[PDB]
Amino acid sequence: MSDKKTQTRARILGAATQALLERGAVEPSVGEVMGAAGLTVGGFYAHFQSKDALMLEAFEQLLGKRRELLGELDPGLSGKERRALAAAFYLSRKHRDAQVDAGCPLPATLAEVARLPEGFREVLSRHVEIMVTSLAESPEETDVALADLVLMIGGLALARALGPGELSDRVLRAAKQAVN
């Protein structure tokens, strides 16, 4: 039970998050997002100040959700176990193919962060810090967790670029198998 204002904003942000996951923060236009929301385009600025404010919120939301998902892992798992599980969830064909409910925006957006508003870099840095801390059970595991995040984000990025097929499937497997 809701209302049309709340619903309409949510629809716009939903279209934005989808575009961001797939095409990053630079390419998508207000026209495309509103288009994909099945909304008239004039309505945009009643809900958001700018395209960049919209995409930053989409980015923050998606990342917050990835952190929530990681929070759902069994608290009793070792560092190594949790990292293996995180890797298996991240480095899947479904995630590669944008067929998951809460995709990670990093493969699509990392290359743009340096030229985007500072909020993107700020949220990114904090996201990495929080994730690593949660995946490392001891100070010796900090670097292992960081390299594992690299295997996840990089592995998915490379696999997606290659497109569905044997090579791409092998990239996902190899990246998963190297997680420590």
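All residue numbers are counted from 1 along the displayed sequence.
The PDB entry records a higher mean C-alpha B factor for 42-50 than for its counterpart among 42-50 and 127-135. When the mean C-alpha temperature factors of 161-169 and 17-25 are read from the deposited coordinates, 17-25 comes out higher.
Within the listed group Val144, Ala58, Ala37, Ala114, the record reports its top CA B-factor for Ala37. Sorting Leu85, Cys104, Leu110, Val100 by the CA temperature factor given in the entry leaves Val100 at the top.
When the modelled residues of the chain are ordered by their C-alpha B factor, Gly154 lands in the lowest third. Per the deposited record, the Cα B-factor of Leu77 falls in the middle third when ranked against the other modelled residues of its chain. Ranked by C-alpha B-factor against the other modelled residues of its chain, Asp148 falls in the lowest third.
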